[PDB]
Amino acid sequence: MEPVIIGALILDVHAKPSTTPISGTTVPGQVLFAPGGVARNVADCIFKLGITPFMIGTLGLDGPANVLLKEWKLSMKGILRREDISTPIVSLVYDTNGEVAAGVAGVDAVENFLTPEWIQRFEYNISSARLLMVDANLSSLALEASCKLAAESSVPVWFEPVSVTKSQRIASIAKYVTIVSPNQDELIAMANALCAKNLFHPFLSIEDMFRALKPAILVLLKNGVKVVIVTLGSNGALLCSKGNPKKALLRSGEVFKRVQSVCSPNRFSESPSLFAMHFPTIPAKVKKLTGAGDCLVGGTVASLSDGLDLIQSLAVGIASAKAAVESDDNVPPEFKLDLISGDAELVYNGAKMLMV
């Protein structure tokens, strides 16, 4: 009853310039390949926490595909591969402080070839899934078909917004989506999509940052999303939900055990239209920020798959995202459950109710 992950496998090109990138010209720097794609990163993170996901995606029969699959240890039954498909490539240029200065995504293969017809071959996997995660590299039609199959079996759906542009694909499926995980910029675009208007604009205290984002969050909840997680980079994450967050969504494995013992379900005092809490992250030595949000998703889905409640699960997601930033890859080579559970407790014990 594995979680099912649907979306892009992408070959990332990461260009870290040694000096400030200058318009019109090339500067020296470090340029590397890394396995990427939001759905792939999530699946990867889940796997490394000891849960086996089922990946549905598409790849070429080309060089970049060979790179992505070199260390692939998951099933490939769900991956559509054909000679006429061009493996997706993302090109990132960072600034000197590790933020994306410019990024271009060539993900045509996912929009054109990762179709409802392809996804429906795996109707069984989806209906029996503990949870379905779809990323926004999917076409609207692929998203709709996916979410409906999930709903028909009341399988909870996680929508990953991917980027400011693609996040607006929440629009055609919001009533089917259980959880979304945007950053501040994607949240705004998603709210504008669901209002069918450019009402909200992009951009300090945690409290003011929440008050700032609250209307946007409400637009998402009013349109049927049950849980909104807003990731705030080095400031952690907001958890907002329709009603009690624990009550918004085989026997447990080891991830459950350690975390269940130290992140007690009886930690928080005591339903409400808007529930909001802030989760801190942990001091980290940053090597590469890219993909941390994806590991937050994977860590959260892993914990949920293993039976943890949502609040305990997000604490693990944040621990996982910390491990990810402290690595030079999108997803760490490995996870130390020692540090993961320890950090999760740190995050969990530091969490604060917002509307008090």
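Position 1 is the first residue in the sequence shown; the rest follow in order.
Chemist: Please classify the coordinate gap between residue 249 and residue 250 in terms of deposited residues: none, 1 to 3, 4 to 9, or 10 or more.
Modeler: Unmodelled stretch: 4 to 9 residues.
Chemist: How much of the deposited sequence is absent from the coordinates between residue 83 and residue 84: none, 1 to 3, 4 to 9, or 10 or more residues?
Modeler: Nothing is missing.
Chemist: Which wins on mean Cα temperature factor, 10-18 or 337-345?
Modeler: Averaged over C-alpha atoms, the B-factors run higher in 337-345.
Chemist: On mean C-alpha B-factor from the PDB entry, just flag whether 207-215 or 174-182 is the higher one.
Modeler: According to the entry, 207-215 carries the higher average C-alpha B-factor.
Chemist: Would you mind checking which of 106, 103, 272, 236 has the top Cα temperature factor in the PDB entry?
Modeler: Result of the comparison over 106, 103, 272, 236: 272.
Chemist: Report the option among 135, 71, 95, 111 whose CA atom has the maximum B-factor in the deposited record.
Modeler: Of the options given, 71 has the highest CA B-factor in the PDB entry.
Chemist: Thinking about Cα B factors across the chain, which third does residue 307 belong to?
Modeler: Highest third - that is where residue 307 ends up once the chain's C-alpha B-factors are sorted.
Chemist: Splitting the chain's C-alpha B-factors into thirds, which one does residue 56 fall into?
Modeler: Bottom third by C-alpha B-factor.
Chemist: When the modelled residues of the chain are sorted by Cα temperature factor, does residue 290 land in the lowest, middle or highest third?
Modeler: Its C-alpha B-factor, which the entry lists for residue 290, ranks in the middle third among residues of this chain.
Chemist: Just say lowest, middle or highest third for the CA B-factor of residue 62 relative to the other modelled residues in its chain.
Modeler: It falls in the middle third of the chain.
Chemist: Pull the Cα B-factor of residue 262 out of the PDB entry and bin it into the chain's lowest, middle or highest third.
Modeler: Tercile = highest for this residue's CA B-factor.
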